[PDB]
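Peer 1: Below you will find the structure I want to go over with you.
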Number of protein chains: 2
Amino acid sequence: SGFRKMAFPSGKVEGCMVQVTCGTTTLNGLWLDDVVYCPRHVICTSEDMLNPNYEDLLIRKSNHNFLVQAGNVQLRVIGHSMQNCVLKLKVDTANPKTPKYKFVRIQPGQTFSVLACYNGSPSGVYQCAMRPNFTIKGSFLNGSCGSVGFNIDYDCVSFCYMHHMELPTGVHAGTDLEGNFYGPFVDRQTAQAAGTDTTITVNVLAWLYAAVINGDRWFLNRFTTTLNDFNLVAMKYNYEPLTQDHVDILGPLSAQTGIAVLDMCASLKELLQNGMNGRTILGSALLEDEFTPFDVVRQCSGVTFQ
Amino acid sequence: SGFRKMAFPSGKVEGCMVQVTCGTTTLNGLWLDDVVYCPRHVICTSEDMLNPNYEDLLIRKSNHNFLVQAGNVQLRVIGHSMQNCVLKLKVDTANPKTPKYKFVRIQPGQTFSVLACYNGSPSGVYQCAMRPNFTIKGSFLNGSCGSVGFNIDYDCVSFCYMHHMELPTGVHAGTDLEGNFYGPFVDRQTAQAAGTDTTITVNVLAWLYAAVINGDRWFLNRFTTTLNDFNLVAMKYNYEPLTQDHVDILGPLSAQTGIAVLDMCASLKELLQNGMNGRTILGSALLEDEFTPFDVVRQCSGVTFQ
Ligand SMILES: *[C@@H](*)C(=O)N(c1ccccc1)c1cncc(Cl)c1
Ligand SMILES: *[C@@H](*)C(=O)N(c1ccccc1)c1cncc(Cl)c1
């Protein structure tokens with residue numbers, strides 16, 4: 001029992017983190033086989049990151065302008081190319097710690113683990129969700145760009161995020177590992193802002209099921225609701241719509257607890273309309289929306305990775 | 001910016017986890033140099049864990065009664081001994097992945113990372129605090145016993161916790177790595193219960209400083225308080241006393257923010273007396289007490305580990 005914001009073991013990713021330096025700019029890179037991936041804004045100085053022409057900045061660079069450090073061991077760069085917003089640095093040594101991996105792009109609503117890094121050295125690991133507005137509520141300081149987000153499935157690391165920037169509200173934006181930004185953000189200095197967010201409804205429902213599995217039942221009730229009537233209430237409280245696929249995905253958790261999905265929707269309705277009245281759910285006084293149905297099944301059932 | 005429940009990178013500990021099997025009992029062990037550490041209740045069956053005489057149970061065992069698996073590679077046990085509530089299994093191979101380590105015992109109020117494991121295979125990583133009542137609010141299923149808690153300081157892993165059992169309220173108890181339980185718990189079947197807990201005051205204050213550093217200031221006020229007058233209020237709300245050493249420890253965070261410690265106490269007072277009035281602090285609607293002053297400095301300043 002218990003329920004925690006739980007990340008994947010980070011060791012497989014720790015063995016890929018390196019430090020990339022170009023001029024006075026130092027950030028983090030990801031070393032898989034004989035390529036180091038990193039943000040292309042590694043080639044920018046302070047005045048460069050205003051309206052940068054990255055193609056122009058890159059043709060002015062040489063292989064020897066890039067220093068890659070894997071621990072205390074220097075990696076010789078033998079090739080470089082730009083792909084969207086990431087740089088690909090060909091090095092003369094393949095990483096012997098390369099795990100089985102994929103480059104995947106995730107959906108808003110999905111979760112992943114983040115291994116925060118500084119100067120190529122891992123600092124901490126935590127769980128994040130992709131917000132509906134394509135930002136993430138991360139924890140990142142200066143120098144963290146290049147840190148990656150990932151999921152692990154058995155032995156295989158699915159890299160889904162590379163960190164680039166902080167937005168003015170303190171939230172974070174970055175790219176998938178092909179260099180394509182999540183959401184309407186660019187790797188330059190503009191007035192870009194997050195734009196409005198919503199609560200991830202299916203995840204809140206998953207977490208209420210997590211609570212029932214763990215013995216919190218005070219918020220249950222005898223009422224039911226229709227999907228349409230629930231969706232009317234969700235829209236009023238800035239929750240995103242619930243679909244029949246969301247209902248289907250919640251099926252196993254429904255069947256394990258004996259609580260129909262639309263019955264749990266009725267509970268969520270009351271919670272939105274009445275608040276929590278001085279009580280808590282899984283140690284929280286807010287409706288938590290950063291656990292997916294998969295996350296709940298994994299933690300309340302117990303799947304490992306090798 | 002941002003503030004997350006952040007664990008240490010787990011890779012150094014992943015390389016020490018093994019599976020230990022005795023009869024039909026399978027759990028997790030920690031392999032450092034040529035010793036595997038695990039709970040001594042590995043030698044108990046179902047009827048054994050009622051009023052077990054562990055000395056009697058152990059003398060009946062042989063080296064070959066213990067199967068240790070490190071991945072898909074079997075480890076030959078060449079010696080065994082009991083030390084308090086842990087078993088020490090001497091194996092014929094030293095773990096080549098042994099990090100620099102220490103066995104430390106932590107204080108209630110301190111935090112650590114937990115690498116949850118099943119069948120010797122890591123499942124997830126998260127942050128925990130030692131509660132004042134010496135339990136931990138973990139996330140553990142059957143088979144997790146033997147999982148360890150730890151902190152990392154540069155390159156050195158300080159192991160502080162080995163998981164043993166779940167108590168009836170869903171919280172968890174275990175030992176330090178010398179086999180000595182945290183709190184008044186025993187590795188047998190009794191009606192043992194957690195006993196009353198308190199909120200870790202110095203940690204709440206640290207977290208309010210974390211919030212100010214990150215831009216939440218709504219809870220600040222012009223009032224101050226004396227240490228004695230604050231401690232009168234804390235006792236009424238089941239917070240533990242704040243000492244002059246707590247005030248000293250909060251010094252750097254006070255100086256970084258320009259908010260005197262006793263001024264932040266005045267804010268906490270008002271928060272305890274008035275609630276949070278529909279607002280949140282660092283994304284939480286409760287006063288959070290599982291970050292130490294060290295945790296806040298590490299995350300809001302950015303220290304790594306190698
Ligand atoms: C990612 C990175 O290294 N950035 C810096 C920081 C300082 C000098 C050059 C580059 C960075 C950080 N945040 C946003 C952007 Cl566009 C670049
Ligand atoms: C730690 C462990 O392996 N336990 C079991 C579980 C099933 C059979 C034997 C031993 C265990 C779990 N929780 C409490 C205690 Cl005293 C033992």
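Chain labels run A, B, ... following the order of the structure tokens; each chain numbers its residues from 1, and ligands are numbered from 1 in the order shown.
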Give as a ChimeraX atom specification every residue of chain B that touches chain A within 8 Å, counting only C-alpha atoms.
Peer 2: /B:1-12,14,115,117-118,121-126,137-141,166,170-171,284-286,299-306
Peer 1: Compute the set of protein, DNA and RNA residues whose minimum atom distance to ligand 2 is at most 8 Å, using only C-alpha atoms and all ligand atoms, and state it as an mmCIF file with N, CA, C and O atoms, in the first residue's frame.
Peer 2:
data_model
loop_
_atom_site.group_PDB
_atom_site.id
_atom_site.type_symbol
_atom_site.label_atom_id
_atom_site.label_comp_id
_atom_site.auth_asym_id
_atom_site.auth_seq_id
_atom_site.Cartn_x
_atom_site.Cartn_y
_atom_site.Cartn_z
ATOM 1 N N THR B 24 10.370 -21.233 -0.182
ATOM 2 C CA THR B 24 9.421 -20.528 -1.037
ATOM 3 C C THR B 24 9.430 -19.021 -0.824
ATOM 4 O O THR B 24 8.621 -18.323 -1.444
ATOM 5 N N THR B 25 10.300 -18.504 0.042
ATOM 6 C CA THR B 25 10.373 -17.073 0.319
ATOM 7 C C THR B 25 11.404 -16.422 -0.602
ATOM 8 O O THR B 25 12.559 -16.854 -0.658
ATOM 9 N N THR B 26 10.981 -15.395 -1.331
ATOM 10 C CA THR B 26 11.864 -14.655 -2.221
ATOM 11 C C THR B 26 11.727 -13.176 -1.884
ATOM 12 O O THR B 26 10.607 -12.680 -1.716
ATOM 13 N N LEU B 27 12.857 -12.492 -1.727
ATOM 14 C CA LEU B 27 12.854 -11.058 -1.432
ATOM 15 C C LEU B 27 14.100 -10.432 -2.043
ATOM 16 O O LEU B 27 14.794 -11.051 -2.854
ATOM 17 N N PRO B 39 16.659 -8.970 4.750
ATOM 18 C CA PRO B 39 15.929 -9.213 6.004
ATOM 19 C C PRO B 39 16.069 -10.662 6.449
ATOM 20 O O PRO B 39 15.986 -11.593 5.645
ATOM 21 N N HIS B 41 13.892 -12.239 7.984
ATOM 22 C CA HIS B 41 12.651 -12.989 7.797
ATOM 23 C C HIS B 41 12.590 -13.708 6.444
ATOM 24 O O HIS B 41 11.581 -14.363 6.154
ATOM 25 N N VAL B 42 13.662 -13.657 5.646
ATOM 26 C CA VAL B 42 13.787 -14.529 4.479
ATOM 27 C C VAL B 42 13.772 -16.002 4.880
ATOM 28 O O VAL B 42 13.392 -16.861 4.076
ATOM 29 N N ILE B 43 14.198 -16.330 6.109
ATOM 30 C CA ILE B 43 14.254 -17.732 6.517
ATOM 31 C C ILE B 43 12.950 -18.215 7.126
ATOM 32 O O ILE B 43 12.865 -19.383 7.535
ATOM 33 N N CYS B 44 11.925 -17.376 7.174
ATOM 34 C CA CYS B 44 10.635 -17.737 7.745
ATOM 35 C C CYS B 44 9.645 -18.146 6.666
ATOM 36 O O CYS B 44 9.599 -17.549 5.584
ATOM 37 N N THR B 45 8.836 -19.148 6.988
ATOM 38 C CA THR B 45 7.676 -19.524 6.197
ATOM 39 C C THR B 45 6.449 -18.789 6.738
ATOM 40 O O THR B 45 6.562 -17.823 7.498
ATOM 41 N N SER B 46 5.255 -19.250 6.358
ATOM 42 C CA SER B 46 4.032 -18.588 6.806
ATOM 43 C C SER B 46 3.771 -18.852 8.285
ATOM 44 O O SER B 46 3.540 -17.917 9.063
ATOM 45 N N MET B 49 6.403 -17.078 10.895
ATOM 46 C CA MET B 49 6.365 -15.657 11.250
ATOM 47 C C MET B 49 5.221 -15.344 12.211
ATOM 48 O O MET B 49 4.507 -14.361 12.049
ATOM 49 N N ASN B 142 3.719 -6.466 -1.815
ATOM 50 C CA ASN B 142 4.324 -7.702 -1.350
ATOM 51 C C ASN B 142 5.545 -8.017 -2.202
ATOM 52 O O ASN B 142 5.544 -7.812 -3.419
ATOM 53 N N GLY B 143 6.597 -8.493 -1.550
ATOM 54 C CA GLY B 143 7.855 -8.750 -2.212
ATOM 55 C C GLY B 143 8.847 -7.609 -2.166
ATOM 56 O O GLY B 143 9.981 -7.775 -2.633
ATOM 57 N N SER B 144 8.464 -6.456 -1.626
ATOM 58 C CA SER B 144 9.351 -5.299 -1.635
ATOM 59 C C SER B 144 10.355 -5.311 -0.497
ATOM 60 O O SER B 144 11.274 -4.487 -0.488
ATOM 61 N N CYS B 145 10.160 -6.164 0.495
ATOM 62 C CA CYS B 145 11.072 -6.179 1.620
ATOM 63 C C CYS B 145 12.493 -6.513 1.156
ATOM 64 O O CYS B 145 12.703 -7.306 0.232
ATOM 65 N N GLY B 146 13.459 -5.782 1.715
ATOM 66 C CA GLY B 146 14.815 -5.764 1.237
ATOM 67 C C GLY B 146 15.163 -4.542 0.415
ATOM 68 O O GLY B 146 16.356 -4.245 0.248
ATOM 69 N N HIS B 163 13.757 -1.968 3.978
ATOM 70 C CA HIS B 163 12.337 -2.158 4.226
ATOM 71 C C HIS B 163 12.028 -3.561 4.740
ATOM 72 O O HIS B 163 12.556 -4.541 4.234
ATOM 73 N N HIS B 164 11.153 -3.650 5.745
ATOM 74 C CA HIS B 164 10.731 -4.945 6.272
ATOM 75 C C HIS B 164 9.234 -5.194 6.157
ATOM 76 O O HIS B 164 8.840 -6.256 5.663
ATOM 77 N N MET B 165 8.376 -4.265 6.594
ATOM 78 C CA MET B 165 6.968 -4.609 6.800
ATOM 79 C C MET B 165 6.048 -3.419 6.567
ATOM 80 O O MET B 165 6.460 -2.258 6.652
ATOM 81 N N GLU B 166 4.772 -3.729 6.343
ATOM 82 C CA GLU B 166 3.706 -2.733 6.344
ATOM 83 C C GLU B 166 2.928 -2.822 7.654
ATOM 84 O O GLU B 166 2.651 -3.917 8.146
ATOM 85 N N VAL B 186 9.050 -4.912 15.483
ATOM 86 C CA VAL B 186 9.733 -6.197 15.520
ATOM 87 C C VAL B 186 9.349 -6.992 14.278
ATOM 88 O O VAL B 186 8.257 -6.825 13.720
ATOM 89 N N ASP B 187 10.261 -7.855 13.831
ATOM 90 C CA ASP B 187 10.023 -8.601 12.592
ATOM 91 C C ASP B 187 9.341 -9.920 12.939
ATOM 92 O O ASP B 187 9.904 -11.007 12.838
ATOM 93 N N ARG B 188 8.097 -9.781 13.397
ATOM 94 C CA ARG B 188 7.209 -10.899 13.689
ATOM 95 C C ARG B 188 5.779 -10.382 13.702
ATOM 96 O O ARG B 188 5.532 -9.177 13.597
ATOM 97 N N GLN B 189 4.835 -11.317 13.825
ATOM 98 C CA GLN B 189 3.405 -11.012 13.744
ATOM 99 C C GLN B 189 2.881 -10.637 15.125
ATOM 100 O O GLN B 189 2.637 -11.502 15.971
#
Peer 1: Report the distance between atom CA of residue 96 of chain A and atom CA of residue 159 of chain A in Å, rounded to one decimal place.
Peer 2: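 So the answer is 18.0 Å.
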Peer 1: Can you pull out every residue within 7 Å of residue 157 of chain A, counting only C-alpha atoms, but drop anything in the same chain fewer than 3 positions away, and send it as a list in words?
Peer 2: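 So, after excluding close chain neighbours, the residues are residues 99, 100, 101, 102, 150, 151, 152 and 153 of chain A.
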Peer 1: So which residues touch segment 238-244 of chain A within 10 Å, counting only C-alpha atoms, skipping near sequence neighbours fewer than 6 positions away, as a VMD selection string?
Peer 2: chain A and resid 132 196 to 202 204 to 205 227 to 228 230 to 232 250 265 272
Peer 1: Report as an NGL selection string: the residues of segment 14-226 of chain B with a DSSP assignment of alpha helix (DSSP H), based on the backbone of this structure.
Peer 2: :B and (14 or 54-59 or 201-213)
Peer 1: Tell me, as a list in words, which residues lie within 9 Å of residue 291 of chain B, counting only C-alpha atoms; anything in the same chain fewer than 6 positions away does not count.
Peer 2: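 So, after excluding close chain neighbours, the residues are residues 5, 109, 110, 111, 129, 203, 204, 206 and 207 of chain B.
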Peer 1: Could the residues in this selection be written to a file with N, CA and C atoms, as a PDB file, in the first residue's frame?
Peer 2:
ATOM      1  N   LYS B   5       9.267  16.819  -5.558  1.00  0.00           N
ATOM      2  CA  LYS B   5       9.803  15.759  -4.711  1.00  0.00           C
ATOM      3  C   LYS B   5      10.818  15.000  -5.544  1.00  0.00           C
ATOM      4  N   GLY B 109      12.638  13.213  10.746  1.00  0.00           N
ATOM      5  CA  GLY B 109      12.738  14.513  10.134  1.00  0.00           C
ATOM      6  C   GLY B 109      13.600  14.537   8.889  1.00  0.00           C
ATOM      7  N   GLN B 110      14.551  13.615   8.779  1.00  0.00           N
ATOM      8  CA  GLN B 110      15.450  13.515   7.633  1.00  0.00           C
ATOM      9  C   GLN B 110      14.774  12.791   6.453  1.00  0.00           C
ATOM     10  N   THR B 111      15.248  13.086   5.247  1.00  0.00           N
ATOM     11  CA  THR B 111      14.703  12.479   4.034  1.00  0.00           C
ATOM     12  C   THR B 111      15.698  11.518   3.391  1.00  0.00           C
ATOM     13  N   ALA B 129      10.373  10.754   3.899  1.00  0.00           N
ATOM     14  CA  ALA B 129      10.943  11.240   5.149  1.00  0.00           C
ATOM     15  C   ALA B 129      10.745  10.191   6.244  1.00  0.00           C
ATOM     16  N   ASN B 203      10.869  21.523   8.730  1.00  0.00           N
ATOM     17  CA  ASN B 203      10.751  21.218   7.313  1.00  0.00           C
ATOM     18  C   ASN B 203       9.671  22.066   6.658  1.00  0.00           C
ATOM     19  N   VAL B 204       8.532  22.264   7.334  1.00  0.00           N
ATOM     20  CA  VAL B 204       7.511  23.173   6.809  1.00  0.00           C
ATOM     21  C   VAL B 204       8.107  24.554   6.563  1.00  0.00           C
ATOM     22  N   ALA B 206      11.256  25.336   6.001  1.00  0.00           N
ATOM     23  CA  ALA B 206      12.139  25.233   4.844  1.00  0.00           C
ATOM     24  C   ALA B 206      11.356  25.333   3.541  1.00  0.00           C
ATOM     25  N   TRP B 207      10.184  24.715   3.508  1.00  0.00           N
ATOM     26  CA  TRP B 207       9.377  24.636   2.301  1.00  0.00           C
ATOM     27  C   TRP B 207       8.705  25.974   2.018  1.00  0.00           C
TER      28      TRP B 207
END
Peer 1: Could you check which of B:160, B:108, B:216, B:90 is closest to residue 292 of chain B, using only C-alpha atoms?
Peer 2: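 Once distances to residue 292 of chain B are computed over only C-alpha atoms, the minimum belongs to B:108.
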Peer 1: Could you work out how far atom CA of residue 83 of chain B lies from atom CA of residue 53 of chain B, giving the answer in Å with one decimal?
Peer 2: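 About the pair atom CA of residue 53 of chain B and atom CA of residue 83 of chain B: they are 14.1 Å apart.
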Peer 1: Find the spatial neighbours of residue 106 of chain B, counting only C-alpha atoms, within a cut-off of 12 Å - ignore same-chain residues fewer than 6 positions away - and output them as a ChimeraX atom specification.
Peer 2: /B:112,129-132,134,149-151,158-161,175-177,180-183
Peer 1: Tell me which protein, DNA and RNA residues are within 7 Å of segment 211-213 of chain A, counting only C-alpha atoms, leaving out same-chain ones fewer than 4 positions away, and put them as a PDB file with N, CA, C and O atoms, in the first residue's frame.
Peer 2:
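Result saved to result.pdb:
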ATOM      1  N   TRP A 207      -6.613   8.431 -10.302  1.00  0.00           N
ATOM      2  CA  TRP A 207      -6.052   8.667  -8.983  1.00  0.00           C
ATOM      3  C   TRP A 207      -7.103   8.433  -7.904  1.00  0.00           C
ATOM      4  O   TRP A 207      -6.784   7.943  -6.816  1.00  0.00           O
ATOM      5  N   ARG A 217     -12.222   5.966   0.893  1.00  0.00           N
ATOM      6  CA  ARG A 217     -13.512   5.798   0.222  1.00  0.00           C
ATOM      7  C   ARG A 217     -14.524   6.877   0.581  1.00  0.00           C
ATOM      8  O   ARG A 217     -15.679   6.782   0.160  1.00  0.00           O
ATOM      9  N   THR A 257     -11.968  -2.484  -8.559  1.00  0.00           N
ATOM     10  CA  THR A 257     -12.600  -1.847  -7.410  1.00  0.00           C
ATOM     11  C   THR A 257     -14.099  -2.094  -7.316  1.00  0.00           C
ATOM     12  O   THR A 257     -14.677  -1.851  -6.255  1.00  0.00           O
ATOM     13  N   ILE A 281      -7.140  13.157   0.184  1.00  0.00           N
ATOM     14  CA  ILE A 281      -7.182  11.950  -0.628  1.00  0.00           C
ATOM     15  C   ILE A 281      -5.748  11.606  -0.978  1.00  0.00           C
ATOM     16  O   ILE A 281      -5.049  12.415  -1.596  1.00  0.00           O
ATOM     17  N   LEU A 282      -5.302  10.424  -0.554  1.00  0.00           N
ATOM     18  CA  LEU A 282      -3.921   9.976  -0.747  1.00  0.00           C
ATOM     19  C   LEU A 282      -2.921  11.054  -0.325  1.00  0.00           C
ATOM     20  O   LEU A 282      -1.925  11.313  -1.007  1.00  0.00           O
TER      21      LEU A 282
END
Peer 1: Report, in Å with one decimal, the straight-line distance from atom 7 (C, counted along the ligand's line) of ligand 1 to atom CA of residue 297 of chain B.
Peer 2: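 We find that atom 7 (C, counted along the ligand's line) of ligand 1 and atom CA of residue 297 of chain B lie 21.8 Å from each other.
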Peer 1: Using DSSP assignments from the backbone, pull out every residue in segment 19-201 of chain A that falls under strand (DSSP E) and give it to me as a VMD selection string.
Peer 2: chain A and resid 19 to 22 25 to 32 35 to 39 67 to 70 73 to 75 77 to 83 86 to 91 100 to 103 111 to 118 121 to 129 148 to 153 156 to 166 172 to 175
